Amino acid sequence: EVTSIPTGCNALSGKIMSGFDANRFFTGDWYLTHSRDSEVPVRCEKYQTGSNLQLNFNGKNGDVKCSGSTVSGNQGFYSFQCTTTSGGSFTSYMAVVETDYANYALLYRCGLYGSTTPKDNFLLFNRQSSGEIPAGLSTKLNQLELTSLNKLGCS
């Protein structure tokens, strides 16, 4: 039924890497090490991936389990249906902006989470918990005006 990302989310047309390879991105673990907007206290979320766009991460209050699917109307975007250990449920949308698969991935995430106003973010994932801001993203970050990503709770 849902064939495009929520109204107000940034489709980022023209700003996403060419040739995104889902096969190489949705494997292994991804640490969420930095983000444009951040909460307090900062934490270290490890995103564990599995086949068929499944993922697990250690969320704000308990493990979170998500099942993904492509969004037909928006190239590069995925919809995740997530459930939480406290019994909650939500939908979240994401696109991989840039990645080298082996080290870092810059993502865009957006959702309504029950509101009419979207909450979004730019997220930097690393394969190591000690990962920081890669030299290779320098110009791309400048272009997106992401000049000062907040470091989170991983080291």
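One rule holds for the numbers: they count along the sequence shown, beginning at 1.
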{"item": "Stretch with the greater mean C-alpha B-factor as recorded in the entry, comparing 53-61 against 97-105", "value": "53-61"}
{"item": "Entry-level comparison of average CA B-factors, 33-41 and 110-118, reporting the higher stretch", "value": "110-118"}
{"item": "Maximum C-alpha temperature factor, selected from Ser69, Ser92, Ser89, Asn126", "value": "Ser89"}
{"item": "Chain-wide C-alpha B factor ranking for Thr83, given as lowest, middle or highest third", "value": "highest"}
{"item": "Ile5, C-alpha B-factor rank within chain (lowest, middle or highest third)", "value": "middle"}
